[PDB]
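Engineer: Below: one structure in structure tokens.
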Amino acid sequence: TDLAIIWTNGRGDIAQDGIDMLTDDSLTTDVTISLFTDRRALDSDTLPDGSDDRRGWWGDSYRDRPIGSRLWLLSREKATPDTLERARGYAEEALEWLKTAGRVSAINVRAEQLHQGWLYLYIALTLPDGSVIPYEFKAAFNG
Amino acid sequence: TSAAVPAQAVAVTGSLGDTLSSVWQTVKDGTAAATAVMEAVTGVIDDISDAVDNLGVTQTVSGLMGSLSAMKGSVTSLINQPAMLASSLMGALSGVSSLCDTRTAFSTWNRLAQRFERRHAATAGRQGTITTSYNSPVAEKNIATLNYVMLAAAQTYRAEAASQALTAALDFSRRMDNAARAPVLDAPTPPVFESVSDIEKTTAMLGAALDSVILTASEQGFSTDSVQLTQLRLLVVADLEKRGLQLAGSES
Amino acid sequence: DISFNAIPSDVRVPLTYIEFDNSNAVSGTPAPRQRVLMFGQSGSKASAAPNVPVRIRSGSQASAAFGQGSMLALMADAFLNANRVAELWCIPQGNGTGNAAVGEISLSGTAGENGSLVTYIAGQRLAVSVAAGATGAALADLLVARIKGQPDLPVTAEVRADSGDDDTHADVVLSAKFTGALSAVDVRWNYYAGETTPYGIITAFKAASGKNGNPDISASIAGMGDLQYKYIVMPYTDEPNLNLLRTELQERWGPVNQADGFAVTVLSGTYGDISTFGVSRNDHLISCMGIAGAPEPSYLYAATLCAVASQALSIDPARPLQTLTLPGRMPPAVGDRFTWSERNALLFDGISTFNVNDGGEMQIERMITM
Amino acid sequence: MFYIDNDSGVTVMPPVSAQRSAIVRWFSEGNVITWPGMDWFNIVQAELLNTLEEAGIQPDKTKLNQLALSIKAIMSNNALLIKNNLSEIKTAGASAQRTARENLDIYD
Amino acid sequence: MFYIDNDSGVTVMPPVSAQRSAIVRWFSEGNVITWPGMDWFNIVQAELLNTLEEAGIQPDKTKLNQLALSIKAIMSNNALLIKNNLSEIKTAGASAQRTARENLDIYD
Amino acid sequence: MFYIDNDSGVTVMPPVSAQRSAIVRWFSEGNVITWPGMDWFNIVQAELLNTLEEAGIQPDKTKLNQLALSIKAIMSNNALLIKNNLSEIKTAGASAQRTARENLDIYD
Amino acid sequence: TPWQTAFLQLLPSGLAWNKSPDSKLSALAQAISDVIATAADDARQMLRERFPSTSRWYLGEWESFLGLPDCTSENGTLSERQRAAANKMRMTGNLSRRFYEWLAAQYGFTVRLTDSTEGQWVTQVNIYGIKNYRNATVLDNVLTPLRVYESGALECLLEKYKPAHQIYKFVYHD
Amino acid sequence: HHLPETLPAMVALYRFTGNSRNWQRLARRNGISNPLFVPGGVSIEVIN
Amino acid sequence: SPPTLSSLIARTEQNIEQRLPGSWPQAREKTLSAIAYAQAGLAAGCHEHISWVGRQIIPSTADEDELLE
Amino acid sequence: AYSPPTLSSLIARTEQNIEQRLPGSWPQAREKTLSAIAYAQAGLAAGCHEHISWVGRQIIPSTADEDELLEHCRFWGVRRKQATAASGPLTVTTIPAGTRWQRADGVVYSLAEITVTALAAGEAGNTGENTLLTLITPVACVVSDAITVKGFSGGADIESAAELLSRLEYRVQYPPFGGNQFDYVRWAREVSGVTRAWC
């Protein structure tokens with residue numbers, strides 16, 4: 001039962017609840033961490049920035065697996081099907097480590113363009129018969 | 001892990017012996033301080049001998065009993081020499097452990113741990129008293145360190161025995177086959193470690209006891225002694241939680 | 001390519017010419033060409049005629065043609081080191097109205113330990129070793145020597161003493177090379193984390209309160225000539241100059257005179273002033289960025305922004321300018337950066353905003369026309 | 001003046017060491033007697049001098065009511081007065097009067 | 001923070017002694033030698049800490065102008081401000097505005 | 001009370017020294033070690049007592065929030081409050097009300 | 001604080017994490033890193049403890065090793081204890097009057113060794129600027145008086161470190 | 001390689017080579033006392 | 001005289017509670033309590049290393065090689 | 001302690017402490033946030049350990065670095081020999097005090113034939129024989145170029161750390177020298193000029 005990540009203003013953060021911090025014991029925290037932390041880009045990839053720095057984590061060489069997802073390569077894209085295909089592939093690659101274990105049975109992710117300027121990703125998992133009920137929230141804005 | 005517990009037990013016993021040998025101090029022969037230290041050491045030997053005597057109902061323990069009798073008889077020589085005292089005490093503890101099967105090890109080490117805990121609590125509950133003012137400081141230090149070291153050694157041996165009992169139970173489970181076969185006409189772990197709630201209670205007790213021992217070691221016998229006890233717990237509790245409860249492949 | 005006039009007509013021997021270059025244009029063919037124009041002042045001994053476009057290919061050439069440390073040369077070097085493909089045309093200007101005094105530095109003495117004193121004059125850091133008992137006069141002399149040794153700074157320094165021989169309170173008087181509203185500078189002795197002044201040294205800065213005025217650009221607008229300068233820099237955030245530039249750019253962009261343009265500037269000021277300036281203009285050819293801390297002067301940021309935007313828009317016009325890092329620009333301190341809500345409210349007033357990455361680099365989070 | 005003019009103080013304030021205990025700690029003479037230290041003295045005199053400088057009053061050793069004068073100056077600078085009859089809010093500008101009246105629900 | 005951060009201190013303050021002198025006393029190097037004692041230091045520290053608590057600012061070690069910020073926070077929490085332009089009356093409610101107009105003699 | 005109550009005080013305050021250094025000074029330990037002297041203690045105590053007396057409260061030993069009470073009293077005596085909406089200028093008379101309205105531009 | 005910045009930089013980098021100076025991650029990072037900050041302060045003050053001239057924790061040990069507690073160490077002033085330790089640790093010298101004047105003045109006193117008046121070996125220690133008051137500093141206790149009055153510190157010091165053959169004769173001037 | 005800001009040695013090494021285990025070598029070769037505060041402006045020698 | 005492990009636990013809990021107002025990290029079987037305990041262990045190791053760095057300043061209590069040096 | 005723990009061991013110990021103290025049991029493959037928090041804590045602790053090791057290396061002058069060796073010398077009363085400006089003759093024949101000739105390299109030799117002193121105090125002031133110098137500020141009395149028949153001398157750099165440590169060792173170790181016939185001979189021979197003495 002670790003801390004839960006709560007999204008406000010488009011940026012997630014840990015939150016409190018009564019005495020201590022809010023706790024989570026479901027796949028929600030695992031998915032929202034495996035999807036939205038930048039992992040190291042390959043040697044041959046072209047970064048969206050004009051820079052030469054690739055993200056990652058100092059613990060990537062201590063945790064037996066790269067941490068997050070390569071969705072940050074699509075920071076600045078135009079409305080073309082290539083970006084949608086790449087986003088679908090990147091989400092699949094980021095979340096396939098769950099299917100490798102027994103924590104999920106199947107993954108179905110699709111990419112689409114909703115109301116102009118929206119990169120919509122629909123990711124549907126298949127939790128097994130014994131998995132606990134996952135957490136439930138929505139992104140919120142204030143001020 | 002389960003294969004890295006005995007090495008940590010060896011390291012903890014070595015560190016405790018070294019800290020006893022480094023802290024123990026000499027005292028004058030004819031004083032009440034020497035009398036009190038003699039009484040405390042003889043009492044510790046008495047507890048160990050009672051444990052061996054309880055063990056000896058089924059086996060032959062004459063050699064260990066004779067060694068303990070000689071060590072009790074030669075107390076005054078051992079008090080002046082600190083290295084020999086600690087070395088002999090840890091050798092006697094290992095000798096007690098050498099007579100214990102996987103069936104009785106947890107029980108005898110639990111009994112010894114309770115016996116030493118009684119003495120440690122009794123001698124530590126009297127901190128500030130007008131009677132305690134009369135006692136010499138070096139004698140009190142040499143008694144408290146010995147009590148703590150004996151208690152910690154007993155608890156570490158108990159934890160290692162518990163891990164070994166878990167291993168034996170899992171081997172017993174592994175013994176039986178799993179393949180489909182026809183029957184044929186035939187013609188030729190302690191009970192506390194069988195249930196699951198019992199394992200939960202045992203894990204809670206071991207964790208609380210070792211945490212208290214570490215908290216006490218933060219003062220008397222500090223430094224490596226605590227660092228090693230924390231590591232031992234992080235290993236023993238992990239082994240009990242993984243293998244004992246088998247949280248991976250057990251559905252409710 | 002190579003001009004036929006390169007080889008003199010007086011030679012008939014086999015010659016085997018050779019040339020070297022450093023640009024990024026690989027094909028060598030004239031693709032849709034970009035000619036960025038750059039307004040800016042030039043200090044004394046410039047040896048360049050004011051109000052006439054000049055083609056520059058190297059920072060050394062720009063410095064030799066507009067003096068050392070002039071803001072036009074500084075901007076030219078900043079743009080060139082960030083974007084190589086585009087073509088640079090710079091138009092020097094004259095002087096402003098106010099005087100050239102910019103301020104004074106005051107240093108006490110009696111250092112208590114060995115260390116290093118770092119002074120950020122205008123974003124340029126000058127590090128001088130402080131010995132066991134070096135005093136204020138010695139440190140001021142060392143700093144003046146460093147300032148005179150390095151010419152790229154847009155300042156010159158002289159040393160003034162005081163009646164307090166020990167604990168000298170020595171004053172380093174600074175004077176800018178060019179006179180104008182952009183002549184001011186900002187000093188931050190300790191910028192990074194580990195850096196600190198040696199114990200026992202007292203440092204202060206006193207800035208003159210006089211107000212200056214930007215030079216007029218009507219003559220430069222007239223002398224621009226009939227060409228399609230795709231991006232204009234023009235780091236003059238002043239109402240009378242903005243009016244002329246916007247009038248000329250709106251005369252362009254029409255159907256009769258098919259020549260395009262775009263201006264990128266940086267306004268270095270507080271939140272209220274930035275918001276008011278953003279509300280004021282309301283045109284679709286200028287895209288200025290508001291900054292608050294700005295250890296470096298505004299024209300450096302304007303030049304680097306123009307470079308990155310020009311490259312990223314020449315490569316692919318229909319690609320957002322969301323996440324690009326301005327190469328080698330110093331972001332403001334942590335306390336002076338706008339928050340998320342402040343940036344959100346700033347995007348509603350036409351002022352484009354920036355961001356700071358996990359590293360020290362700064363991003364161009366969103367670019368919006370006024 | 002206000003500061004240590006006993007020829008025993010340094011010109012540059014030594015840096016303050018980091019926080020050690022979170023709870024408040026008081027002085028006691030009887031189980032270990034406590035000593036004030038440099039940090040306590042520096043912090044107290046720095047707070048007093050900062051209040052004096054915030055009020056815009058230069059410290060002077062002769063006067064011993066400068067804290068009261070500082071508080072009164074902070075009042076006269078950052079607060080409404082009873083003897084002014086709201087004059088301060090109406091010498092500022094017409095927009096101030098407009099905002100005040102529209103706040104007080106007095107409009108056309 | 002503003003309290004004594006050394007290893008020498010008691011988490012519970014010692015009670016102050018009873019009154020002994022009804023006349024104001026001072027320090028003297030020379031003609032009886034005087035020693036500070038815990039009481040004077042505790043009283044001064046507690047006065048500063050209680051002013052901070054009344055203002056609502058928690059004490060911090062890095063900052064030194066917290067007394068000035070405390071005075072300004074009390075000023076805002078209790079009195080009207082020139083920059084605010086009588087916004088506190090409105091924030092309070094509608095009856096507050098009614099009574100303010102009543103006191104300013106603005107009838108219907 | 002607030003003064004020294006160790007039976008080691010002087011009824012008459014010893015005179016202060018002159019102004020020796022022109023720049024500010026701070027405490028230090030090591031140069032030479034810093035000693036406070038009677039001057040610093042006397043100045044701090046005198047200023048606290050002076051502001052306490054100017055607010056209108058006499059010093060007391062039991063109470064421990066008297067700086068806050070002094071600030072509150074200075075507030076209440078010289079500045080408009082929020083709980084008292086405009087009762088101060090209501091009490092001041094009719095000329096004050098007319099002056100406030102005229103300066104707010106509510107007339108004719 | 002720099003330690004909380006170091007902790008935040010050590011934490012992973014991505015979109016999910018908020019490292020703005022107002023978020024819960026920062027508010028918890030400060031509390032997490034302050035303990036190591038205090039530890040670093042202790043390890044840094046060990047550098048000051050390295051010498052007996054400025055040591056505060058190890059004054060007792062520096063006095064026991066040097067055999068310091070004696071006449072030249074004053075009653076209770078920690079500054080004087082530090083000075084006595086720092087002088088005894090590096091006191092080696094000759095028997096000359098110049099060196100004795102220098103040694104006496106290094107403790108804060110002022111003497112001059114003038115010629116005899118009755119014999120040849122009996123040199124006269126003329127002690128000028130006598131002051132028995134020592135101001136209480138910020139290091140010493142809260143219960144110490146503002147001034148400590150001590151006398152005869154120089155007398156026994158010079159009688160202890162005097163040449164074996166010679167006999168001194170002390171005269172006080174003002 | 002220069003540093004835009006002062007970073008811990010592990011992060012500085014990982015950004016430049018991608019293997020943070022040899023983080024003590026960078027600090028020792030550069031000469032920094034506390035590896036958590038690697039100076040930003042000054043040049044830094046990184047072994048790949 | 002380094003602080004004990006229980007004192008370090010208490011100090012870390014006080015720091016956590018001060019930084020996050022309205023919280024009580026002393027609660028049993030809670031995330032803040034676990035974090036405080038782990039940080040206290042790390043700080044205890046660090047303080048022991050500091051103590052070993054000390055105690056060798058003087059030749060009397062120094063170790064063998066440092067005494068010889 | 002004597003040997004600081006490895007970062008891998010710190011990571012494992014902290015992560016297991018948090019996991020076993022929490023009420024639940026974490027699965028085999030998970031990305032719980034508390035893991036990243038534990039990794040950051042371990043990194044902080046390892047950095048502090050390395051700093052403490054550096055601090056411990058500085059308590060003896062034999063292994064201390066330059067800055068702390070300077071503190072040791074300041075405590076013991078030893079001084080460092082600073083750089084010495086090179087000086088020598090400047091043969092020029094045919095004047096303000098601040099007349100500064102210039103070498104062809106770019107260094108300045110000022111006035112205080114004439115024996116001039118190099119403004120810089122480094123070894124660079126050492127030049128060979130027959131090297132010319134030019135005047136930056138004309139004097140209207142002599143030609144700009146000089147000859148300098150004999151090259152300049154002196155010009156030593158700063159005192160090295162090894163020599164500083166050796167001198168500190170001598171200062172600590174040397175015995176006290178009282179009255180004695182040999183000591184009187186040494187004292188009466190240390191003066192400038194005296195080449196023989198007896199007691």
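Convention: chains lettered A, B, ... in structure tokens order; per-chain residue numbering from 1; ligands numbered from 1 as shown.
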Mind fitting chain E onto chain F over all Cα atoms in sequence order and sending the result as a PDB file with C-alpha atoms, in the first residue's frame?
Structural biologist:
ATOM      1  CA  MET E   1       8.016  41.809  34.740  1.00  0.00           C
ATOM      2  CA  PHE E   2       9.917  41.879  31.448  1.00  0.00           C
ATOM      3  CA  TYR E   3      12.861  43.678  33.058  1.00  0.00           C
ATOM      4  CA  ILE E   4      15.411  41.823  35.174  1.00  0.00           C
ATOM      5  CA  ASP E   5      13.769  40.876  38.474  1.00  0.00           C
ATOM      6  CA  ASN E   6      16.902  39.523  40.175  1.00  0.00           C
ATOM      7  CA  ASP E   7      18.526  41.199  43.160  1.00  0.00           C
ATOM      8  CA  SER E   8      21.245  42.386  40.739  1.00  0.00           C
ATOM      9  CA  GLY E   9      20.137  45.585  39.020  1.00  0.00           C
ATOM     10  CA  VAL E  10      20.141  49.391  39.176  1.00  0.00           C
ATOM     11  CA  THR E  11      16.941  51.429  39.388  1.00  0.00           C
ATOM     12  CA  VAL E  12      18.606  54.102  37.208  1.00  0.00           C
ATOM     13  CA  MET E  13      19.889  52.982  33.871  1.00  0.00           C
ATOM     14  CA  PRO E  14      23.565  53.557  33.056  1.00  0.00           C
ATOM     15  CA  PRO E  15      24.006  55.846  30.043  1.00  0.00           C
ATOM     16  CA  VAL E  16      24.888  54.178  26.765  1.00  0.00           C
ATOM     17  CA  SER E  17      28.402  54.641  25.421  1.00  0.00           C
ATOM     18  CA  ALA E  18      29.229  56.673  22.331  1.00  0.00           C
ATOM     19  CA  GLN E  19      29.325  55.149  18.862  1.00  0.00           C
ATOM     20  CA  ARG E  20      32.513  53.292  17.939  1.00  0.00           C
ATOM     21  CA  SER E  21      31.849  51.287  14.751  1.00  0.00           C
ATOM     22  CA  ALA E  22      29.932  52.543  11.717  1.00  0.00           C
ATOM     23  CA  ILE E  23      29.622  49.006  10.285  1.00  0.00           C
ATOM     24  CA  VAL E  24      27.275  46.325  11.592  1.00  0.00           C
ATOM     25  CA  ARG E  25      28.990  43.923  13.996  1.00  0.00           C
ATOM     26  CA  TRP E  26      28.004  40.450  15.176  1.00  0.00           C
ATOM     27  CA  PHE E  27      28.906  37.786  17.732  1.00  0.00           C
ATOM     28  CA  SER E  28      31.558  35.085  17.379  1.00  0.00           C
ATOM     29  CA  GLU E  29      32.454  32.185  19.663  1.00  0.00           C
ATOM     30  CA  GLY E  30      35.865  31.760  18.009  1.00  0.00           C
ATOM     31  CA  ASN E  31      38.397  35.598  15.299  1.00  0.00           C
ATOM     32  CA  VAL E  32      37.987  37.594  18.525  1.00  0.00           C
ATOM     33  CA  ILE E  33      36.027  36.437  21.567  1.00  0.00           C
ATOM     34  CA  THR E  34      33.048  38.714  22.201  1.00  0.00           C
ATOM     35  CA  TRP E  35      31.240  39.634  25.398  1.00  0.00           C
ATOM     36  CA  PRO E  36      27.673  40.995  25.620  1.00  0.00           C
ATOM     37  CA  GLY E  37      28.056  44.035  27.861  1.00  0.00           C
ATOM     38  CA  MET E  38      25.303  46.045  29.484  1.00  0.00           C
ATOM     39  CA  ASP E  39      24.569  48.219  26.445  1.00  0.00           C
ATOM     40  CA  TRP E  40      23.143  45.599  24.070  1.00  0.00           C
ATOM     41  CA  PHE E  41      20.918  44.054  26.747  1.00  0.00           C
ATOM     42  CA  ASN E  42      19.728  47.479  27.904  1.00  0.00           C
ATOM     43  CA  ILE E  43      18.941  48.532  24.328  1.00  0.00           C
ATOM     44  CA  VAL E  44      16.887  45.411  23.582  1.00  0.00           C
ATOM     45  CA  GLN E  45      15.031  45.550  26.907  1.00  0.00           C
ATOM     46  CA  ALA E  46      14.315  49.264  26.480  1.00  0.00           C
ATOM     47  CA  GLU E  47      13.002  48.753  22.943  1.00  0.00           C
ATOM     48  CA  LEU E  48      10.568  46.097  24.161  1.00  0.00           C
ATOM     49  CA  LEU E  49       9.500  48.172  27.177  1.00  0.00           C
ATOM     50  CA  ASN E  50       8.990  51.304  25.068  1.00  0.00           C
ATOM     51  CA  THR E  51       6.877  49.374  22.562  1.00  0.00           C
ATOM     52  CA  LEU E  52       4.753  48.188  25.489  1.00  0.00           C
ATOM     53  CA  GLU E  53       4.483  51.734  26.852  1.00  0.00           C
ATOM     54  CA  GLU E  54       3.470  53.098  23.440  1.00  0.00           C
ATOM     55  CA  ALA E  55       0.730  50.480  23.299  1.00  0.00           C
ATOM     56  CA  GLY E  56      -0.251  51.499  26.843  1.00  0.00           C
ATOM     57  CA  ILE E  57      -0.073  48.034  28.418  1.00  0.00           C
ATOM     58  CA  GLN E  58       1.833  47.903  31.652  1.00  0.00           C
ATOM     59  CA  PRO E  59       4.366  45.044  31.781  1.00  0.00           C
ATOM     60  CA  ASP E  60       3.419  41.932  33.739  1.00  0.00           C
ATOM     61  CA  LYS E  61       5.447  38.836  34.526  1.00  0.00           C
ATOM     62  CA  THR E  62       2.893  36.025  34.205  1.00  0.00           C
ATOM     63  CA  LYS E  63       1.899  36.932  30.632  1.00  0.00           C
ATOM     64  CA  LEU E  64       4.162  36.334  27.631  1.00  0.00           C
ATOM     65  CA  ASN E  65       2.112  37.488  24.597  1.00  0.00           C
ATOM     66  CA  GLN E  66       2.273  41.150  25.604  1.00  0.00           C
ATOM     67  CA  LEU E  67       4.252  42.032  22.466  1.00  0.00           C
ATOM     68  CA  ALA E  68       1.481  40.658  20.242  1.00  0.00           C
ATOM     69  CA  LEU E  69      -1.115  42.454  22.360  1.00  0.00           C
ATOM     70  CA  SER E  70       0.988  45.618  22.020  1.00  0.00           C
ATOM     71  CA  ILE E  71       1.062  45.345  18.227  1.00  0.00           C
ATOM     72  CA  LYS E  72      -2.697  44.758  18.136  1.00  0.00           C
ATOM     73  CA  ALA E  73      -3.335  47.683  20.508  1.00  0.00           C
ATOM     74  CA  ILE E  74      -1.283  50.022  18.317  1.00  0.00           C
ATOM     75  CA  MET E  75      -3.183  48.686  15.274  1.00  0.00           C
ATOM     76  CA  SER E  76      -6.563  49.555  16.893  1.00  0.00           C
ATOM     77  CA  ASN E  77      -5.353  52.944  18.261  1.00  0.00           C
ATOM     78  CA  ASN E  78      -4.048  54.056  14.851  1.00  0.00           C
ATOM     79  CA  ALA E  79      -5.819  52.231  11.998  1.00  0.00           C
ATOM     80  CA  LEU E  80      -9.369  51.267  11.125  1.00  0.00           C
ATOM     81  CA  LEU E  81     -10.517  47.712  11.822  1.00  0.00           C
ATOM     82  CA  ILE E  82     -12.591  45.305   9.748  1.00  0.00           C
ATOM     83  CA  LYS E  83     -14.737  44.280  12.720  1.00  0.00           C
ATOM     84  CA  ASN E  84     -15.343  47.885  13.809  1.00  0.00           C
ATOM     85  CA  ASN E  85     -16.787  49.000  10.434  1.00  0.00           C
ATOM     86  CA  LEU E  86     -15.659  52.645  10.438  1.00  0.00           C
ATOM     87  CA  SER E  87     -16.904  53.420  13.947  1.00  0.00           C
ATOM     88  CA  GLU E  88     -13.875  55.576  14.822  1.00  0.00           C
ATOM     89  CA  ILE E  89     -14.867  58.360  12.383  1.00  0.00           C
ATOM     90  CA  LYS E  90     -18.299  58.644  14.094  1.00  0.00           C
ATOM     91  CA  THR E  91     -16.792  58.390  17.623  1.00  0.00           C
ATOM     92  CA  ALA E  92     -14.511  61.312  16.689  1.00  0.00           C
ATOM     93  CA  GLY E  93     -17.371  63.675  15.886  1.00  0.00           C
ATOM     94  CA  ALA E  94     -19.724  65.055  13.260  1.00  0.00           C
ATOM     95  CA  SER E  95     -17.151  67.076  11.312  1.00  0.00           C
ATOM     96  CA  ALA E  96     -15.199  63.840  10.860  1.00  0.00           C
ATOM     97  CA  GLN E  97     -18.247  62.216   9.251  1.00  0.00           C
ATOM     98  CA  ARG E  98     -18.761  65.327   7.114  1.00  0.00           C
ATOM     99  CA  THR E  99     -15.172  65.171   5.855  1.00  0.00           C
ATOM    100  CA  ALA E 100     -15.388  61.402   5.308  1.00  0.00           C
ATOM    101  CA  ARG E 101     -18.435  61.887   3.083  1.00  0.00           C
ATOM    102  CA  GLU E 102     -16.605  64.781   1.403  1.00  0.00           C
ATOM    103  CA  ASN E 103     -13.669  62.492   0.587  1.00  0.00           C
ATOM    104  CA  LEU E 104     -16.055  59.772  -0.624  1.00  0.00           C
ATOM    105  CA  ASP E 105     -17.684  62.415  -2.874  1.00  0.00           C
ATOM    106  CA  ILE E 106     -21.197  62.375  -1.406  1.00  0.00           C
ATOM    107  CA  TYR E 107     -22.646  65.881  -1.777  1.00  0.00           C
ATOM    108  CA  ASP E 108     -26.128  67.148  -0.971  1.00  0.00           C
TER     109      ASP E 108
END
Engineer: Find the residues of chain C in contact range of chain A, meaning any atom within 9 Å when counting only C-alpha atoms, and list them as a ChimeraX atom specification.
Structural biologist: /C:308,312,318-327,340-341,363
Engineer: Those selected residues, please, written with C-alpha atoms and delivered as a compact mmCIF listing (two decimals), in the first residue's frame.
Structural biologist:
# COMPACT_ATOMS: atom_id res chain seq x y z
CA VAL C 308 15.50 28.40 -32.78
CA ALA C 312 12.20 24.89 -36.46
CA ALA C 318 3.21 23.12 -39.50
CA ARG C 319 4.95 21.83 -36.37
CA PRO C 320 4.28 23.33 -32.92
CA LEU C 321 7.03 25.25 -31.13
CA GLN C 322 6.14 23.66 -27.80
CA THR C 323 9.29 21.99 -26.46
CA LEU C 324 12.55 23.44 -27.77
CA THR C 325 15.56 24.36 -25.64
CA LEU C 326 17.29 27.68 -26.22
CA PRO C 327 20.97 26.63 -26.43
CA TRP C 340 1.53 27.62 -13.91
CA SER C 341 -1.50 29.83 -13.31
CA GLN C 363 11.95 25.54 -23.03
Engineer: Report as a PDB file with C-alpha atoms, in the first residue's frame: the residues of region 93-207 of chain C with a DSSP assignment of strand (DSSP E or B), based on the backbone of this structure.
Structural biologist:
ATOM      1  CA  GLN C  93      21.979  52.226 -35.335  1.00  0.00           C
ATOM      2  CA  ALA C 101      26.882  55.528 -16.672  1.00  0.00           C
ATOM      3  CA  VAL C 102      25.407  52.230 -15.507  1.00  0.00           C
ATOM      4  CA  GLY C 103      26.548  51.860 -11.908  1.00  0.00           C
ATOM      5  CA  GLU C 104      29.267  51.046  -9.406  1.00  0.00           C
ATOM      6  CA  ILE C 105      30.455  48.012  -7.471  1.00  0.00           C
ATOM      7  CA  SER C 106      31.660  48.326  -3.876  1.00  0.00           C
ATOM      8  CA  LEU C 107      33.975  45.752  -2.289  1.00  0.00           C
ATOM      9  CA  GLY C 115      38.308  30.948  -1.764  1.00  0.00           C
ATOM     10  CA  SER C 116      37.013  32.204  -5.088  1.00  0.00           C
ATOM     11  CA  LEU C 117      34.947  35.333  -5.727  1.00  0.00           C
ATOM     12  CA  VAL C 118      32.590  34.968  -8.699  1.00  0.00           C
ATOM     13  CA  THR C 119      30.898  38.026 -10.199  1.00  0.00           C
ATOM     14  CA  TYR C 120      28.237  37.775 -12.914  1.00  0.00           C
ATOM     15  CA  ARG C 125      31.029  35.104 -14.869  1.00  0.00           C
ATOM     16  CA  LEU C 126      34.410  36.418 -13.706  1.00  0.00           C
ATOM     17  CA  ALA C 127      36.099  34.222 -11.092  1.00  0.00           C
ATOM     18  CA  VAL C 128      39.044  35.636  -9.132  1.00  0.00           C
ATOM     19  CA  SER C 129      40.979  33.674  -6.524  1.00  0.00           C
ATOM     20  CA  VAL C 130      40.854  35.176  -3.026  1.00  0.00           C
ATOM     21  CA  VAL C 155      31.015  47.315 -20.138  1.00  0.00           C
ATOM     22  CA  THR C 156      34.314  48.975 -19.272  1.00  0.00           C
ATOM     23  CA  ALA C 157      35.528  49.482 -15.722  1.00  0.00           C
ATOM     24  CA  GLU C 158      37.697  51.882 -13.746  1.00  0.00           C
ATOM     25  CA  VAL C 159      38.870  51.726 -10.131  1.00  0.00           C
ATOM     26  CA  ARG C 160      38.206  54.280  -7.372  1.00  0.00           C
ATOM     27  CA  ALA C 170      36.960  50.041  -3.337  1.00  0.00           C
ATOM     28  CA  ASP C 171      34.544  51.051  -6.098  1.00  0.00           C
ATOM     29  CA  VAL C 172      34.587  49.626  -9.620  1.00  0.00           C
ATOM     30  CA  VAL C 173      32.779  52.163 -11.806  1.00  0.00           C
ATOM     31  CA  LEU C 174      31.170  50.593 -14.879  1.00  0.00           C
ATOM     32  CA  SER C 175      30.286  52.311 -18.148  1.00  0.00           C
ATOM     33  CA  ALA C 176      28.444  50.760 -21.073  1.00  0.00           C
ATOM     34  CA  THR C 203      29.948  43.268  -1.779  1.00  0.00           C
ATOM     35  CA  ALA C 204      27.331  45.736  -2.985  1.00  0.00           C
ATOM     36  CA  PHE C 205      26.096  47.274  -6.233  1.00  0.00           C
ATOM     37  CA  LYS C 206      24.621  50.746  -6.763  1.00  0.00           C
TER      38      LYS C 206
END
Engineer: I want to know what sits within 12 Å of residue 59 (chain A), based on only C-alpha atoms, with residues of the same chain fewer than 6 positions away left out; could you give that as a PyMOL selection string?
Structural biologist: (chain A and resi 39-40+65-68) or (chain G and resi 10-13) or (chain H and resi 10-11+13-15+18-21+23) or (chain J and resi 7-8+11+35-43)
Engineer: Just checking: using only C-alpha atoms, which residue out of H:44, H:35, H:1, H:6 ends up closest to chain C?
Structural biologist: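 Smallest distance to chain C is found for H:6.
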